[PDB]
Structures are given as C-alpha cells and as structure tokens.
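For reference, the structure I am asking about is given below.
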Amino acid sequence: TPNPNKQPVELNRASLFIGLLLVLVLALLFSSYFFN
Amino acid sequence: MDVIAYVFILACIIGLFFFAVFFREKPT
Amino acid sequence: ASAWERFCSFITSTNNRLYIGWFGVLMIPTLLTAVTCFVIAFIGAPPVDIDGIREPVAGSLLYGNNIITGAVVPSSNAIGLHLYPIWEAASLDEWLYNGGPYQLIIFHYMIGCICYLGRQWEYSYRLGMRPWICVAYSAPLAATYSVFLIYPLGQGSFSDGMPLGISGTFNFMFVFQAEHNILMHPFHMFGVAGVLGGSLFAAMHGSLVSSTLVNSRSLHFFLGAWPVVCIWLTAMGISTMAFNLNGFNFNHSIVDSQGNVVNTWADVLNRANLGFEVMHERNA
Amino acid sequence: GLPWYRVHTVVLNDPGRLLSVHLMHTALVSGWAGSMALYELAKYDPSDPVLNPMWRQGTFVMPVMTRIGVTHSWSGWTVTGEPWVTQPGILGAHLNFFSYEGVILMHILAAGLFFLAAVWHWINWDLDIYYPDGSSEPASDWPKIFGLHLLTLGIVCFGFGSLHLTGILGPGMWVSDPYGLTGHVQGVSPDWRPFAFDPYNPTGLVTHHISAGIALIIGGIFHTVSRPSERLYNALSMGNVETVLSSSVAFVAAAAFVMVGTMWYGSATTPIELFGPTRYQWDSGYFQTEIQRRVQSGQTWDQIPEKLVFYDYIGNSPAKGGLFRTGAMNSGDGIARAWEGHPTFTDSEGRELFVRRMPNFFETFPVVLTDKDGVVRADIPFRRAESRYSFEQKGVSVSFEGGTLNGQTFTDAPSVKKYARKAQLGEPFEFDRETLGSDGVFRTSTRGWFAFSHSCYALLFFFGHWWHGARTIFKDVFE
Amino acid sequence: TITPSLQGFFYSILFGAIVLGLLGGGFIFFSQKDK
Amino acid sequence: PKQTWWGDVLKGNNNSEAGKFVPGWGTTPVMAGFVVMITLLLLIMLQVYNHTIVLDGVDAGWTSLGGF
Amino acid sequence: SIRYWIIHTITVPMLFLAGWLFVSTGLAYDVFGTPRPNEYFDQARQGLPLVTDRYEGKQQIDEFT
Amino acid sequence: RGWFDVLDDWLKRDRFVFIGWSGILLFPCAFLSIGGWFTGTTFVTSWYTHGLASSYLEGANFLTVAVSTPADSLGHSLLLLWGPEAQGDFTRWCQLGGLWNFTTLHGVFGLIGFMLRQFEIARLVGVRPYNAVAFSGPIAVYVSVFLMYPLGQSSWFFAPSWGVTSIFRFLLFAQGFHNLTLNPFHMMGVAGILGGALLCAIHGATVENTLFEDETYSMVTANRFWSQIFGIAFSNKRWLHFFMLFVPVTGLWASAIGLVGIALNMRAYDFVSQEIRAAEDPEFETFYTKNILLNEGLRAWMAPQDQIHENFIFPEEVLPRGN
Amino acid sequence: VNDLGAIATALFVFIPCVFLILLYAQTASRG
Amino acid sequence: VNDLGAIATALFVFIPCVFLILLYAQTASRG
Amino acid sequence: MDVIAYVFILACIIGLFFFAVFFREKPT
C-alpha cells in the first residue's frame, strides 16, 4: 500500500549556486585551520 | 601541498562565479 | 552608422550581459590589472623589505604562508610616496624586493573603484532611474581611499598603508590603535554605531516584511541613509587621524588631593596602547 | 517539492515512519558508541597507568565506560594498575564478560537490531494501531504515551540507583581519594542526610537515582491515568507533536548545560582519575598545596607518589589547549616517562628563591625568580636585552630532590635556564616527542573537549527550542 | 543545624515571596477594580 | 491496516483516549505547587554548589571525597 | 493644564534639592562606601585595599577601612 | 469569568504601551538592570576590586564610568545581597561589586522577557514571529559574553565591566590573551555584521532610486540594474527580505560560538607550522609572527595593572620591546 | 602540517557539494 | 605504505559511485 | 590504516548485497 505522505524534493539552480558558494567559502575559511 | 588545496578551492570559486553570472536561469 | 557612432552604440548599450559604458572603459583594464597582479603576488612573491632596513618580510603562499597569514606587503619604507613603475626600477628582482606590486595593485584598484562608482551612475541614467546608488556607494569607497591612499599621504610613505591580507589587516588595526587610540575617537564610535545599527535595522526590516508578506517611503530612505552617513563619518575620522589629529585622551585625569594619581579605565587602555607601541618601533 | 531543509516533515503525520526514523537514529547512535570504543581500544597503551592515564591518551568514551564499572579487558589488563583477576566465579558474575569488548559487542548488536526494527517499521507503516477506532486519520494520544515512557524510565532509573550503583547487584561506581590516587569501582550506600547534596560526595548520586527514580514512577503512573486540562491542552496544543519536540529540545539543552557545568567544575560524576584534573585545581594550587604540606609533614621528596606530582604539571590543565590542536595530549608535549625531581634555586648570596608559576591565561610567561619575601631576585630578560637583575650576572644554581636528577646540581647557565622554564611550567618532567612527532604545544584533556563540544551543542539547541516553540504556537500561521 | 548562609537563603525566600505577592496582588487587584 | 497481535495488545494505550481532556483547569492548580517546589529544590542545589549556602558539615569541594 | 503645575512646582525642586543635599552633606560616601577624596590614601597609606578572600570580604574591607 | 480571565483581558487591553504577560518579567527586570547601571556609575566605585576610580563621585567622565566586575577572590559567587559575602550589608555589597551581578542577571531576565514579549505580540497580531527568531541572536551574544565567558574563566572579574572604556579594555584584553581576531568564528561574525550593514545600505538606496512616479518600486528595473552592474540580483522579494534577516543573525551566532570557544581557552591562538618554521630560522618573518609579538607585548604591559589581584611584578628587563 | 588536514578539507569541500548537485539534478530532470 | 594509497583508493571508490548515483537519481525523479 | 580501507569497502559491498536483494524494482 503506497504512502500518501511521500513528497519530492526541490532545489532550483539559484539555490544550487548559493549553496555551493556557502560551502566553498566555508572550506576556504576553515582549511587554513584544518591544516593547522 | 596546502598551496594546491587553497588554489583549487579558489579556482572552483571563480568557476562558480562564471557559471552564476552567464548561466543563471532567467528571472520571470 | 559612422564607425565611431557604431562603437558608441556598442559600449553604451543595454543589451550586453554586463554594462560597460564610458566609465567601464576605464574600470575594466584597471580592475583586471589589479586582480591579476594581486593573484600573482599573493600566490608567489619574494619577501619585501617593509621596514626599509635590508631585512625582508615574506607574505606569499609559496613562501610558507596560508590564506589567514598571507598578504601582499606594502611597498618599502625607503621609497616613500615615490611612484615605482617597473620601467623606473633598477632590476626586476630589486623592484619586487622594494614592494612594487603593492603599489601597482592599490593604484589600479583605486582608479577602478572610482570608475565603478561612475559606471553605477551611468547605468542608472541609461535605465531611467534616480541616480543615487552611487552616492550610497561613495561611503565604502571613502573608507578604502582612507586606508590605502590618505593615511599613507598623511604618514609620508606607503609603508604605513594597509597590507592586502587577512592578518595584515589586523596588524594594521593594532598599530593604528597603538599610535592614534582610535577607539576613543568619536568618529569611530559613530562608525561602530553605524554598522551595528545597520545590521539591527536590516534584521528588523527583513523580519517585518517577511512576517507580514506571508511615510513608509521614509523608512527605506532611513535604511539607506543611516549606515552610509556613519561610514562617511568614520572614514573622515580615519582621514583626520592620518594628520596626527588623534582622538580623546583622558590619561592622568583624576589626582588625589595631596597629589597622588588614582587610576581609571582610560589609564589601563593607555597602558595597553603602550604595550602595542613599544612592541612596534623596532629602534629609537 | 519540499525545500532541502524540510525533507523530514514527510514523517510528521505518519506515526509509523516517525517511529522508524527514531529507531534508525538509535541504531546509528549505538553503532557509533561501539565503533568509537573499538577505535579507542585499538589505540591504547595499558602499560602506564600513572604517567600516561587514559585522559592523557585522547580517550573519549573509555572514561564514561569506566565511571560505572567497566575496567578490565579480555586481553587482561585493568585500568586500575593490576592484571585482572577472574574474581567472577558464578552467575551474577558476568563481570568477566562485560569488559570493554563485551560492551562494544553488545552495542554493535543493538545497533544491528535497531536497524532491522527500523526497516520493518518503515515498510509496515500502516499498522492498525496508529489509527483510532473509526477514523482513517492516524491519531495518537501524546499525554498517555508520555506517561508510559516516563514510567519505563522511572523503573530503569530506580533499578540503576538501587541495584547497580549500590553494588548489591552491580559493579557499583568509581570512587577515589581527594587527590586521585586510589580508584575503586565499589558500591555506594544512600543517605538522606543533607550532606548527600554535596556534589563531590558520591553518596548523593545513589540517593538521587533512588528518590528521583521513585518520583518518576509516581509521575509516570499519574500521567498514565490522568487526562490533561482543557486550558493547558489548548494552550500547549497537546494534540500536536511539535510541542513535544519543542519541550524536549529545551530540556536537552538544559541537560547539556548542567553536564558542562559539572564537567568543567568537577564533581563526583567526573573524577580526575578518569577525565583528568580541572582548570581550577591548577589555579588554586590544590596539588601544590597538598604536596608541599605532605613533604613539610616529614616525608622526603622522593617519597611523593608520582600521580600527585603529575597532577601538578600545567600541561595537564584543560585550559592550556587549543581549538585546532588535534589529537591526544601526548601528541603535544609528548608522553611522560620520568619525573626529574623537585628543583630548588639559589643565587650568589645563597638565598632561596622561587619561580612564579605561569597562570592558565598566559600562552607565554616571563620567567622571574623572586625572593619568597616578594622581591624579584633574578630573571631571564627578554629575548635580547641588557639587564641588571639577570641569570648570569647574579648566578644561580639549581639542586634537585628525588626523581631522575636526584642530588644533582646544574650551574651551567643554559641548564639553569631550561630548568627555570620547566619549573615555571609546573613540575619538571621527562617528555618524549620522538615516538609521536609531538609538537611541543599543549592540547586539552578529555574534560576540555567535553565542555567545549557540549556547550556549543547547548547553545545551538536553545535556538532550536525557540524555533520549534514558535512553529508550535503559531501553527495556524505557519502554513 | 542552621548556618548563617542557610538562614540568609530562608530570608531570601521570605523577601521573594513578599515581592511576588505584592506584584501579583497589585496586578490582580487593579484588574478586578476596573472590571 | 494489518491486525497484528502486538497491535491488539497496545492499541488501547495508543489511542483509546485520543483527544480527550477534562474541561476547565483540572489538576493544573496542583501542578503549580509542584513546580514551585522544584523551583526551590534546584535553586537550593545551585547555591549549595555555588557555596552561597554552606550546609553544616558539608564542605562542597574535593575534600568531601574523604571516606573512599 | 494648570492643576498639576502647583504640585510639580512644590515637589520637583524639593527632589532636586534632596539629591543635592544627599551628595553635599557627605551622606553618599557613607551609603555607598565611596572614599572621600582624602580617604583614597592616608598621608602614606598608598597601598591598595584589594580583597584577597571571598569568605570574609566585608570584614577585610573593615580592616581596609 | 474567573480572576484569571479578568487578569488576562486586563493585560491585553490597549494602552499607550502593551504589557501582556511578558511585561511581568520584562519591565521590573529591565528597570532594575538600568537602575543598577545608573547607580553603579553615579555613586559606587571600583577602588576595592580593580583599584580604579570609575564613578562620578570619583570625578570620572562619561567615557570612563563603569559598573566594574566583582573581585577575583569571589570566584563565581552569585553575590546575593543576603549571601555569605554581603550578609545584608548594602555598603559591602556595593564595594564587593554586587552591582555587576545585579545588573547582569536582571539584564538576562529582561532579554528573556523581551523575547517572550515579541512572541506574545506576534501571537496577538497573528503574523509569523520572525522578529523573535531574529532577536535570538542578541540573546546568544549576551549569554555568551556576560555569562558563559566569565563562567569558563577563574572569576566574574574577567567579564566585561559595564561601561565604554571598560568594554574597550575587554576588547584589547581578548586580543592580547585569546588572539580573537584570528578566530574563524569571529571572522564569520564580522562578515555577518558588515554584510548586514551592506544589505541595509544598498536595499535602501535601491528602493529609493527605483520608486514609481506616483509594493511601490520597480522590482524589474532594480533586478535588471543589479544584474547588469554587479552580475547577480534578487528576483524574489520574499527571498530578499529573508536574506536581510538571515545574514546578521547568523553572524551573531557564529561569533557566539567563537566566544564560547575562547571561554575555555579553546582558542585558535597560533598556526603550528608557522611557529615551527620561525623556530628553525630567525629570518622568516610574516605578519602573523608580528601579530604574535604584539600579543606578547600587550600581555606583558597590561597584566601588572589589569589583573592587579595577582600581584604580578615584571621588571623592565623582562618586558618585551622592539630593542 | 596535519596529514589529515588535506583530507578534512577535501571531504568538507566535497560532501555538501555532491549533496547539492544531486538535489539540483534530480530537480531539473523533473519538469 | 603509500600516503597517497588511501587517497587513490578513496577517489576510485567515490567518483564513479557518485556519478552512478547521480544518474540514477535524476532518472528516478523523472517519471 | 589500510585495514580500515579494506573493511570499509567490504562493508559497502555487503550493504549493496542487502539492498540489491530486498529492494530491487519488481520485474514485470
């Protein structure tokens, strides 16, 4: 019996660019400490 | 080798800028 | 359809992906030059004799530093305010050793910033809107010109300019505090109020609009105006401190009736400044 | 579709799948417990319980295991300093099984079982129980479910307090002396006199878990029977599970803060034999006072128990580490091997002066050998400066009591300077860095990592509580 | 046995009760007044 | 909607009285007292931990470990 | 309007003077323990009165007093 | 209609200001905190805790008055007016620094009352309480700086004394001893605050300069302008304003986590490779190393007087200098 | 430097990135 | 052993795996 | 640490077997 509550997941292009910017900027900020 | 990590992250950022500028979905 | 007219219609056209305009004609080469030299001199560049004492200071990635500690060192103390073009240099290696790349970057960057402001005005004109985005943008412009141009002019050499790096910025801040006590200068207090209040008003405005959207024009006017005015004031404060017109000084203020001196917080602050200063000033 | 930050709301209206994701999370947590303990065992050195305890070795879960009974290993070694004797002989002497590896095995098994249950409940999401007698919409009564859960937890708390902690039917708990010398796992007896509220006396813990346990049982029974009140039921929206989420998140944040407080200030739950010394025992000169009194009590210097002198090193303080200085402490100043002995300094005139110890705050300190009367006698001037009160100009010998450098007397100026710096770093010690490539910069013990991580967690979970309270109270608006 | 610190805490409970009682009494009494 | 055995055992606890509440305030007054009670208890503990309150013969420190 | 003016005229300067006299008559120094300008040091008591013990702080100040 | 309903309706009645239930916690606590600060600056001195003249009676200035922190010997004692320290003596309570605890604790409860008040007002009007979630940031900053930091340290003495120059002393102390500027979380906090100011400024200017000649401004013109001038632009109004809300709050939370880290001396004080490389050869000099030297100097020159209770005595010989 | 510094940086760069790209791809394939 | 051995093994495990998972996800989202 | 790499690859293989057995799309 199928579950009614299933819903898809959406993420448009602009959101992808925003997320990638956040991730790359955080990585650049914290790498200098990760390498210590 | 840290220099390679820094430069790679930076190059990825610049590529992201290029794609975000010239390939954004048209606002409407 | 004169060739000159065709060119003008190309540049001053609202169908490019990025508007160029006549100001952008100067903006693009200068900004590209500054960016290219900054990248090159931040990845790899020799140590620079910042103190003009034949002893170098390194700031590049290939010479050991990382993003937090790397920087582009200001031009040497011996050069003073002299422009140091490559063709006016004895030898390329020497020219690097004296800190020419810093001069190249900051000059191209400042010209590009002012032309960017002009380009903002020009496109606001071309689209048919009131042309006062550039006025708002003139505040951070003033701040950069303060740290990079006006302060060295007041101090007589570009060696006192701000380094182009994350840790160089902090070193600049601490030396500036030591030599001028910027914290107790009212204009910096206006600037601090400006940034903190700007964040406060941004959060309030965003929360209100996004909560109810599920003279009101004067609201947005005030939003635009407040941080801009405060940044103008703090940029002017930095500029004044560039001419040895330092802030407030309340050291040695309260004295005991017989003649002793009772400490206040200002004395503790002065002693901290003393520590920062004596660690500076290599010799005397 | 849903935004990436709401993907899990697809189980909000489904009790079966909500239970399924809870079971999966439990499986993950138990699996992590097992794997982390396994890793710590695989990177451990049981040889040295004195100058290399578990907290010096970057252990995280081993002290938590050891707190309430688990001490030995199937490979034989105990953490208390003796090979384990199979004192177990009978049923009710599973103690030979529940070593570190036994606990690891049980936790991995629980992880697997919970994962299987989670898969089952994910598939069979439409069991009849989730639905009321005559309505297609699944509907659960949160107050009675809370009563049932509370009753279960009260039973388990009462059992833990009365049987395990007392040692009647359990290993008991870790207890120690005021100076972290003798560490037993012994039972405790509960006492309701007011001194059981002393946080450093373990008799409180048992007294708590008994009484509080009973309090939960009553509190369970009431909620298993009593209905809510219209007033409260409408105010708190007890029909909406989001309110349970909000209140639970707030509770868990408060718990994290209280735990951090105990971990940082020390208590009976956190003994220094397991988690290491606090940062206040260095500040208040706790161990230095104790040692100085003991020696002053006629004992010779070489007769001082080496744990008591290791605790007086400042490299043991949890307030000397860093945020990105990673790994065990022995990756820092290196692993200790021998105590060079208590040094004493004398100047040309023969006056006995002492080195001022570096407080927790300073990353570096200026070495200053001062007369006991408060007058600075000698010092080490700044990196290159001309002096009038100096080390060489005045001349200083150092003599060592006990330890490796016993009876010795170094008057070589570099040697005196080195041991002056060591003396200002607490007690001089033999440290090895060649084994691990240690960096000489310190690191924080287990106690510091606990405090930092869970203070951050509590701070974040308070914002989480506020957000979920907002989405509960404003439910009609948030849609 | 009672110590000075515990007695101080007891007086604290007295004062806190008084403060809360006066605040709540003022609020409820004024609310009842202009019903 | 499988009619399992365990579901038969537990359905009464799941949702027999789902959505039922007693009108008015009910036991809420009594709850009030309990809260105040614990509000003292915790408070006392804090001060005892804080050394604001010094109970007689209760030295809130590492010395209290004497006896183990 | 007019009525409250009488009350405020009678009262507000009285309060102002109340604060004024509270400072001038030296009462504030006793109330708040703030030293008189000559009380910071004696003719040679130039040492600082810093509390060193948590438990008997008030008595230690009484010694410093 | 029982007494409770009467009380509730009375609280919610329209007045010049709205009280609500939250008011019962906010107004007394806020008023007491403000009064405590004013009294501490006007009359109470810190001559016995820090050996300073931080009151108007002492003759201090508006920029130098401060409700200074309690003494170091008290540890983290709550300093109740009736505690083992004060023992009911108001003057000793003031001299010991109890006004700092009074002000800070009542400030905590005032902030809590204010957040509850925003919850209540949004409940009455019937809109999403994004304002309370926004205000959650300032509470995080306050709790991290005035409670968690001095609690992770030796005493309340290391907390920020309520003032202006005292707060400046706190900033310089943090740089000297924790090297805060190099902490990544403080960097995210700075970026958040400066970005919030940037967003406020350009949003205001844009809305003013795309006004229709009569929401009320040409979103299409603004979008095209920023796309062709800067490259990217907000094409959605809801996203624009939620971002304006989101940036400064996130900056505050990151800085809060940075401050709780340094409360445990879990500070990013140095980069190990730089220290090693500087140890190997003395020629290697970078800006970070000179920052380290400045920190050494500030510590040495500030410790003898800032932490007067420790009786530090450093001669002229041991004080670092640029020789 | 830390031998795990590069690994930590790489995984930090990669895991959220692949997550976001996967979400966008399975969004864009759908109409 | 080779310090790059682990990195090579990890990247070999990961890159084709993320490629395949991305293809399957952007297939399954589509009807 | 090689042991960790080997064991991780092996565990991933076993998980793949579990999913390939009990979660294959129904043939039709």
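Just so it is clear, A, B, C, D, E, F, G, H, I, J and K label the chains in written order, and each chain counts residues from 1 on its own.
In the analysis below, a residue touches a chain if its C-beta (ideal position, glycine included) is under 8 Å from a C-beta of that chain, and two chains touch if they have at least 3 such contacts.
By chain, with names taken from UniProt: A = Photosystem II reaction center protein L; C = Photosystem II protein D1 2; D = Photosystem II CP47 reaction center protein; E = Photosystem II reaction center protein X; F = Photosystem II 10 kDa phosphoprotein PsbH; G = Cytochrome b559 subunit alpha; H = Photosystem II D2 protein 1; I, J = Photosystem II reaction center protein M.
Ranked by distance of CA centroids from subunit I, the top chain is G. Taking each chain's centre as the mean of its CA atoms, K is the chain most distant from subunit H. Chain centroids computed from C-alpha atoms place H closest to the centre of all protein C-alpha atoms shown.
No other pair of chains has as many C-beta pairs in contact as C-H. Subunit I has its Cα centroid 14 Å from the Cα centroid of subunit B. The mean-CA centres of subunit F and subunit I are about 44 angstrom from one another, to the nearest whole unit. Our note on geometry: subunit D versus subunit G, Cα centroid distance of 48 Å, whole angstroms. Rounded to a whole number, the gap between the C-alpha centres of subunit B and subunit C is 25 angstrom. Residue positions of subunit H touching 2 or more other chains: 47, 51, 58, 75, 77, 80, 83-84, 87, 122, 127-129, 133, 187, 231, 268, 271-273, 296, 299-300, 319-321, 323. Touching of two or more other chains is recorded for residues 40 of subunit G. Within subunit J, residues 29 each touch two or more of the remaining chains.
Those residues of subunit I lying in contact with subunit J across their complex are 3, 7, 14, 18, 21-22, 25-30. Interface residues of subunit F, counted against subunit D in their complex, comprise 1-4, 6-7, 10-11, 13-28, 44-45, 48-49, 55-66, 68.
Only residues 28-29, 31-33, 35 of subunit A touch subunit C when the two sit together in their complex. Within the complex, the subunit A residues that touch subunit B are 12-14, 17, 20-21, 24-25, 27-28, 31-32, 35.
Here subunit H touches subunit D in the complex through residues 115, 119, 122-123, 126-129, 132-133, 136, 140, 143-144, 148, 152, 154, 177, 183, 253, 256-257, 260-261, 263-270, 272, 275-276, 295-296, 299-300, 303, 310-311, 313-315, 317-321, 323, going by the rule given at the top.
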